[PDB]
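Alright, two takes on the same chain below, each alone as structure tokens: structure 1 and structure 2.
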Structure 1
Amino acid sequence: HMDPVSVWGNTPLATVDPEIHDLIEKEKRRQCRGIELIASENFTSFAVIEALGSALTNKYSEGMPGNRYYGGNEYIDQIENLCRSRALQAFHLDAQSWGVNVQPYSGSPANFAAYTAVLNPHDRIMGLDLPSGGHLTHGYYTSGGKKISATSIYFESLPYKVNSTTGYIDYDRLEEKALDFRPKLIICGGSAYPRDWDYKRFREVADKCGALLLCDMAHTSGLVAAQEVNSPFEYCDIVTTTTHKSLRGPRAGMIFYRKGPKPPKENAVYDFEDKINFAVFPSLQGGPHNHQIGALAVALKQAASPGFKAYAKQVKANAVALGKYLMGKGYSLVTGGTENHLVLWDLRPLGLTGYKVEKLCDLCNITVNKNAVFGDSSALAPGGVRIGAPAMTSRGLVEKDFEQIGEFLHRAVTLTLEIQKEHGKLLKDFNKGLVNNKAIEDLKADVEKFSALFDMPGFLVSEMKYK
């Protein structure tokens, strides 16, 4: 005897799977009882979550709108078409000059599909070096020649770096490398870079060497949509992105590509649209995840609202005011400030490693992450932490609140130094000072009470399980 549909199929999660339900409730509390400073994290809207968890997951729709393998896609077609047109509107793109594919499962699938579309296996790519703030999907191999990124397994990558004294991209050494190496593709955009990108100069380098130019704007796509940073669309052939992070949508990916006449120097047009779509499907993916596309469409309408432009503005102002607070304390930021959503904090002048500060923050439910500074590829443990504003800004925090966050980080570094001074620099010694540290418990209590003063998108704090 099969279970009645009502028993297995309509019964709520809280009854069907109390273990999983309970774990989700604990994670919901964790999300609103600490301070989330991971620069790639955000808290998305209830509207997005409702579309994400919907009957849209029940439909196979391999293909493209109006050209599907299977029938019964009349409404899936409308959702994806609306998602795609909203994607162009959100980034102020003319439909005759730009197209977009909204099926990539996530950011890294979007990049690998873009590469597959325009490159052959073993074609050359350059991207921002990982210890300079680049992303894995832009290429990564170890000093021993071990190929880590799929980008470096299936293509030939070479990284470019920041200037090791200023922290800004070294545009002169970028050009020299591109002229020696002759990449078929140059990637710009990154994960841990605190300044804007000079896309115009990347276009000059790509033109001089003969490269395609792609921007991976995952970290700053929300700022791009709000026209709060430079638009990569003015200069790049292809723009990839996640749809979470600062865009505040579901976890998905997008590939934008140029269409129509190629700009003056015969009468040729861009040729990306078909190759891009074909790389995504049939070459690489199966059925699109239509609940993600529906949820993404929701996020993209929200990203076009005046409220979202005000959010991106506030994200930028919060990161600035946090940085200025830290510098007012005598701390060092790479490049001495920020132009986007994050700061990169250089801890080496204090004699600390990023790990020690990350660990102690984590014990206080402040989530940051350790990060290399000035492109240092040394085996030396990374010398900094990366701190982002999107997540707390989404909970409604403004400058005064981010100045308080800086106070908590100040106290965190102070406690880290007191421990290092009492127990010693070596990691084994440092950990001894974390065992039953009262002062850590007071800061942890302090940040929880601060954390609980603010609202939460995505679920109602008032009907949580754990308060």
Structure 2
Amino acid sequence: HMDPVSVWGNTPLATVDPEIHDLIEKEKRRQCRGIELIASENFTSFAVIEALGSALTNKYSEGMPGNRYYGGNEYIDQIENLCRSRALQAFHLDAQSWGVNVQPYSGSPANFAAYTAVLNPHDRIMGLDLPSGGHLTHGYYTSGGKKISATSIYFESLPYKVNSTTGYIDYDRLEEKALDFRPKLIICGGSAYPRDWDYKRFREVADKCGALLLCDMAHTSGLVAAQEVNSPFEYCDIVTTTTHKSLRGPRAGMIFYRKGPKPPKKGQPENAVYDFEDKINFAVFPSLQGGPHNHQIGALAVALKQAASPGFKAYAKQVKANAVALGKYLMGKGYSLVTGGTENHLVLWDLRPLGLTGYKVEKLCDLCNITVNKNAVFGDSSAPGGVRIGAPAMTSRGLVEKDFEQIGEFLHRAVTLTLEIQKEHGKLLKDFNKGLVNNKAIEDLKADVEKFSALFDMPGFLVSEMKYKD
């Protein structure tokens, strides 16, 4: 005999699986009791989460709205249509000039599908080098020649780099490389680049070598929606993005592409129109993905309505102001920030002038409930040299500039202690790690961090309902 539906199918998680419920409750407390500075993380809304955890997960809906491979999609089609239209609206796009596919499962799927749409295997791509700030999916192989990303396996990558003096993209070297290498696709946007992008100059380079131009705006998508950074749509053929970073939605991807008449170009016939739509859609399905995750699409529609609000514009302005304030505090203490500041949501902190690796600082911070990630900086070839710090998550908890200065001081205390441990125990990991055991100053820093963090509000769930309030 089967279990009655009510028993297996309607009983709450707390009863069906106390082990997982307890771990989720412990993770909720952790998210509350630390300083969360991973630049790619955010805290999304309870409304997004309610759509994410919904019966939308039950539906197979391969295809496009109105052109599906399964029956039963009368409401899933309306949700997807709404998501697509809100995506165009959130980025201020004319629907006769731009379309969007909202089915990519995440950012890496979105990029690989965009490449598959416009490239054959082994076609050439150029993206920002990972140590210069680019993403894995922009064609990462190592300076020792190890192919890491599938984008350097199925396609042929040659990365472009920042200038070693300024830390900004070296646009003349990009142009020289593109004219020599002749890529079919140039990628802009990145994961750890602290400045805005000259999309006009990227378009000039693309046109000079005949390449397509794609922007991957995953990290700054929220700032783009709020019109707080340069818009890639003015100059790029394709724009990809995640939805869970500064855009503050579920984990998903989107692919935007031009539609309609093309601008005048020499050699190009008159009245030509863009031809990306069908290729992009086909690449997502049936080429690469299967059934869309409709709970993600529904959650994304919610996030995109929230991103078009005046409150979200104020949030995006605050993210930038908090990152500047943090950078100014760290630079005042004498620390080295790549490019000497920031124009977006993150700072990239070079730790090599202190004699520290990113692993050591990240490891110590983690023990103090300060959540960062070690990060490559220019020169690194696979313990990198830097740490990356972002403002979106803690700005979502309501922190403003003075609070981000306190974050700077906690970061200052953490690095000061990492130096003292390394001076006392040594720079070799086996020695250093003996400094992280029964260290009263780590425990004191952890305690002060927890005190500071626990008091702020938290989106996504009710603190008053959580299992672990201590």
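The first residue in the sequence of structure 1 is number 1, and each one after it adds one. Superpose the two forms; the largest set of C-alphas matching within 1.5 Å is the rigid core.
task: Give the option from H122, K200, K208, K146 whose C-alpha shifts by 2 Å or more between structures 1 and 2; the alignment is on the rigid core.
output: Flagged residue: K146.
- prompt: Cα of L426 displaced 2 Å or more between structures 1 and 2, core superposed?
  reply: Yes, the C-alpha position differs by at least 2 Å between structures 1 and 2.
task: Quote the shift of the Cα of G337 between structures 1 and 2 to one decimal place in Å, the two forms being superposed on the rigid core.
output: Here the C-alpha difference is 0.5 Å.
- prompt: By how many angstrom is the Cα of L417 displaced between structures 1 and 2 when the rigid core is overlaid?
  reply: Its alpha carbon moves by 1.2 Å.
Cα shift between structures 1 and 2 at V373, which is computed once both forms share a superposed rigid core (Å): So the C-alpha of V373 has moved 2.2 Å between structures 1 and 2.
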